[PDB]
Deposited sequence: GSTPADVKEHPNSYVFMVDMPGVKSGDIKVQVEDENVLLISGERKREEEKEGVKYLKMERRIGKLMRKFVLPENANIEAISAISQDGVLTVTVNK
């Protein structure tokens, strides 16, 4: 799981998800069953080449959130922006 904001513009819904350290290509934006918007991203490690960790507090692995819009609300136009670790998806 990961923090999300959701806004309602006149003709669109906007989902804002935190994803520090997720490379695009590890981001999934997906519609399940035409109603559910599925947002997903995995943070990975930069692989002891004489490099030792002194402190490790950033957990890695997958961030994921599902969002259901009303039934009979068809997703036909989807938008995705990755910027500064925040993913903004705009769905009709």
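Colleague: Need the unmodelled segments of the deposited chain, numbered from 1, in order.
Modeller: Coordinates drop out over 1, 49, 95.
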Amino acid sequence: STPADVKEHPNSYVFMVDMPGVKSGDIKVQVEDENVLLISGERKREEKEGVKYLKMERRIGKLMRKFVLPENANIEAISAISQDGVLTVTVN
From here on, numbers count along this sequence of modelled residues.
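Colleague: Should the higher mean CA B-factor in the entry be assigned to 81-89 or to 1-9?
Modeller: Between 81-89 and 1-9, it is 1-9.
Colleague: Given 55, 58, 28, 45, identify the residue with the highest C-alpha B factor in the PDB entry.
Modeller: Within the set 55, 58, 28, 45, 45 shows the top C-alpha B-factor.
Colleague: How does the C-alpha B factor of residue 69 compare with the rest of the chain: lowest, middle or highest third?
Modeller: Its C-alpha B-factor, which the entry lists for residue 69, ranks in the highest third among residues of this chain.
Colleague: Can you tell me whether residue 39 has a C-alpha B-factor in the lowest, middle or highest third compared with the other modelled residues of the same chain?
Modeller: Middle third - that is where residue 39 ends up once the chain's C-alpha B-factors are sorted.
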